[PDB]
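One structure is given here, and the rest of the page talks about it.
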Amino acid sequence: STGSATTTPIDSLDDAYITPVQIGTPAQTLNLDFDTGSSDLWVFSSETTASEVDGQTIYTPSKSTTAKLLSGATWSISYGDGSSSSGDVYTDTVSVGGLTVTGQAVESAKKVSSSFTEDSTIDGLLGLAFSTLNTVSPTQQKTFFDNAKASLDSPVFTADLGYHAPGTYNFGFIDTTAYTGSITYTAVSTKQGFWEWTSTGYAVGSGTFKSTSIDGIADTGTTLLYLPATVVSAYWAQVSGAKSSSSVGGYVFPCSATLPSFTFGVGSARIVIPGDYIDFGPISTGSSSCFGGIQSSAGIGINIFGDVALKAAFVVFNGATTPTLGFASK
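Here's what the structure looks like:
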């Protein structure tokens, strides 16, 4: 089998992407944030504290003839941005772009943090990291990809995120029309439960490539590109007036600037992030100070190849017995 679904930016800055997901019988369609940096499929629901729901579409398990309470199971997750959610668990039928899994754990939120409530466009998350990170207790549950894998034509999914435009998540096949040149594959460590890999270096604008190992995660659920302070300083030094602002919480730059590109290495191959991808607009409405899309990972504890990086590539998440990651230009 295969599946193919369009993923759509939630706003004009590409802060996140939503993908429609069918849950239950008859189908209830929710718009979920596909997140390769976590491993829980959780949704706003009829069980979510009413004051914490503000415009989201909810899953109502009592209206699904295929929903079953997973007795005694609870979940609770905290994300890198400080947000969180928790609740209980149903199994139900879940379909993405024509690909159907029966008996998928659907984690129903009883509580969500303010960031989730305040974002009316995201109805929940669909985790695509390794199932070892799944938070369901006392019996850990599998991700949608893990459940689908054996049925897929090939045990892969691909992320093709757009810049200020829709893109695509495919399951079970590689669309050879969706990228240019060749796909370069690179080793993955699953030791921390992430799609963790080592970039071979970077360049800023038309500058020379610096060969240096940068370990980090391919994370579709993180907006920005988080890299070591040395690398980030080298980037922003090429932008007149850019500075790190403790009050704002990162590097800012004059909105009048033209940003240089940023290149990262994948083996001997190179992925170029155009300068415009690195502009996250005014820090507050009407400001001429703009927020940068490349930020320091110092104090996160891990480097993160988030959407800013991933959207410059066609990315293969290869879930073979020994997983790997592939990157192509597009």
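Residues in the sequence shown are numbered consecutively from 1, following the deposited numbering.
Beta carbons are placed, not taken as given, at the ideal position from N, Cα and C, and that holds for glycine.
No Cβ-Cβ contact shorter than 8 Å links residue 37 with residue 283. Ranked by Cα distance from residue 132, the options 281, 193, 158 and 231 are led by 193.
Look at residue 200 here: in three-state DSSP terms it is strand. Annotated as proximal: residue 75 and residue 107, with beta-carbon spacing under 8 Å. Under the DSSP definition of a beta bridge, residue 226 partners with 295 and 304.
Residue ranges of uninterrupted alpha helix (DSSP H) with 4 or more members are absent from the segment 54–111; none lies entirely inside it. When the five nearest sequence neighbours on each side are left out, the beta carbons in the same chain lying within less than 6 Å of the beta carbon of residue 112 are those of 52 and 85, in order along the chain. Taking 8 Å as the upper bound for CB-CB distance, residue 152 and residue 42 are not in contact here, some 23 Å apart.
For residue 105, the number of other beta carbons within 10 angstroms of its own is at least 16, and it is reported as buried. For the set 278, 269, 135 and 268, the Cα lying nearest the Cα of residue 258 is the one of 278. The distance from the Cβ of residue 180 to that of residue 329 is about 5 Å, consistent with a contact at the 8 Å cut-off. The DSSP-derived three-state label of residue 149 is helix.
In the three-state reduction of the DSSP assignment, residue 4 falls in the strand class, which pools E and B. Assigned with DSSP and collapsed to three states, residue 273 falls in strand. Comparing C-alpha distances from residue 165 to each of 12, 321, 323 and 2 shows the shortest one belongs to 12. Leaving aside the five residues that flank residue 147 on each side, the residues in its chain whose CB is nearer than 8 Å to its CB run, in chain order, 101, 103 and 104.
The beta carbon of residue 141 sits closer than 6 Å to the beta carbons of 105 and 134 from its chain, once the five residues preceding and following it are set aside; these are given in chain order.
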